[PDB]
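Here's the structure we're looking at; comments come further down.
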Amino acid sequence: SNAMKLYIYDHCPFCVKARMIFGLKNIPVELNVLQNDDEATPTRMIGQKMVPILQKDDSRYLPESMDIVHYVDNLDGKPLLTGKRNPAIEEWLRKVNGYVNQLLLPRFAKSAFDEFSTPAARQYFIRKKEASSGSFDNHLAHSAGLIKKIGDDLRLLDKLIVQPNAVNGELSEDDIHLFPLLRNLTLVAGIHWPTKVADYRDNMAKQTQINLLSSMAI
Ligand SMILES: *SC[C@H](NC(=O)CC[C@H](N)C(=O)O)C(=O)NCC(=O)O
Ligand SMILES: [Cl-]
């Protein structure tokens, strides 16, 4: 038995990270999606508006995706995170995460994630992102080129994925960082997915108990 709760936004890759170990280890967790404009709830918990937040069995709260990942992986004394990391994956992720939000943010803002269920929450998101990283319409109008870019980058990634259940052969923090990106990329209609990338994406979604977004791709 456990009483763990995880406060999230469904679109947030850090929140996906925090959910992964629960799925991989079959540890129950109660997901609670917060409205994107809700400052008060997370502030009561941790003193700031940030997700993910884990509520531990003792009722105390733990923020920071990777701290949650390691706490939960370590709680039973037998971690699954046993593998080496590949500097090439860190580099690839840095490069892709540098431009990918031009595809993702405009699509998140148009999609049925629970954190955007109210018009106010959706507007809050749009306003904040557009005031920081530019026009959603401009980015959407550049989709063809951006889609070709991610397709090209995915072809290299394909050659680096060792197997569908571990990017480097044994599960590592590279899986924790890679899967959320691939999972959010399934919201982007038009991408050419290489075989090994698709197999890893599909298997990891199954093993982590985290849905892909293909059914609402746009
Ligand atoms: S994706 C939503 C945002 N979360 C984070 O960026 C978490 C980063 C932490 N360092 C981590 O958990 O690793 C977020 O909560 N945005 C603030 C907001 O007002 O939406
Ligand atoms: Cl990320």
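Each answer follows from the model by the rule given with it, or from the source it names; these are not laboratory values. No Cβ is skipped: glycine too gets one built from the backbone with ideal geometry, and neighbour counts run over all protein chains shown.
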Read through the list (1) over 29 Å from residue 120 (Cα atoms); (2) surrounded by fewer than 17 Cβ atoms within 10 Å (Cβ to Cβ); (3) not aliphatic (A, V, I, L, M), then give the number of the only condition that residue 22 fails. (2)
Considering only segment 25-34, state which residues are surrounded by fewer than 18 Cβ atoms within 10 Å (Cβ to Cβ) and either of a type outside the set (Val, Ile, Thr) or within 10 Å of ligand 1 (Cβ to nearest atom) (or both). 25, 26, 28, 30, 31, 32
Could you check, for segment 17-39, whether at least one of its residues is over 20 Å from residue 213 (Cα atoms), assigned to a helix (DSSP H, G or I) and not acidic (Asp, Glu)? yes
Please identify the pairs in which a residue from segment 111-123 that is under 13 Å from residue 11 (Cα atoms) and in the same structural domain as residue 213 (by CATH) has its Cβ atom under 9 Å from the Cβ atom of a residue that is of a type in the set (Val, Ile, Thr) and part of a loop (DSSP other than H, G, I, E, B), counting only partners at least 6 apart or on another chain. 111/218; 115/51
Pick from segment 1-16, criterion of a type in the set (A, V, I, L, M) and assigned to a loop (DSSP other than H, G, I, E, B), ranking: farthest from ligand 2 (Cβ to nearest atom): 3
Pick from segment 84-110, criterion in contact (Cβ under 8 Å) with a residue 12 or more places away in the chain and assigned to a loop (DSSP other than H, G, I, E, B), ranking: nearest to ligand 1 (Cβ to nearest atom): 100
Limited to segment 111-143, what total is found for residues that are more than 19 Å from residue 184 (Cβ to Cβ) and either more than 16 Å from ligand 1 (Cβ to nearest atom) or in a helix (DSSP H, G or I) (or both)? 10
Determine the pairs where a residue that is among the aromatic types (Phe, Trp, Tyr), located within segment 48-69, has a partner that is more than 16 Å from ligand 2 (Cβ to nearest atom) with Cβ atoms under 6 Å apart, the partner being 6 or more residues away or on another chain. 61/45; 61/46; 61/53; 61/55
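Table: residues versus (1) in contact with a strand residue (DSSP E or B) (Cβ under 7 Å, 6 or more places away or on another chain); (2) within 21 Å of residue 103 (Cβ to Cβ); (3) not assigned by CATH to the domain that holds residue 105.
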| residue | (1), (2), (3) |
| --- | --- |
| 139 | no, yes, no |
| 163 | no, no, no |
| 168 | no, no, no |
| 175 | yes, no, no |
| 181 | no, yes, no |
| 185 | no, yes, no |
| 191 | no, yes, no |
| 194 | no, yes, no |
| 207 | no, no, no |
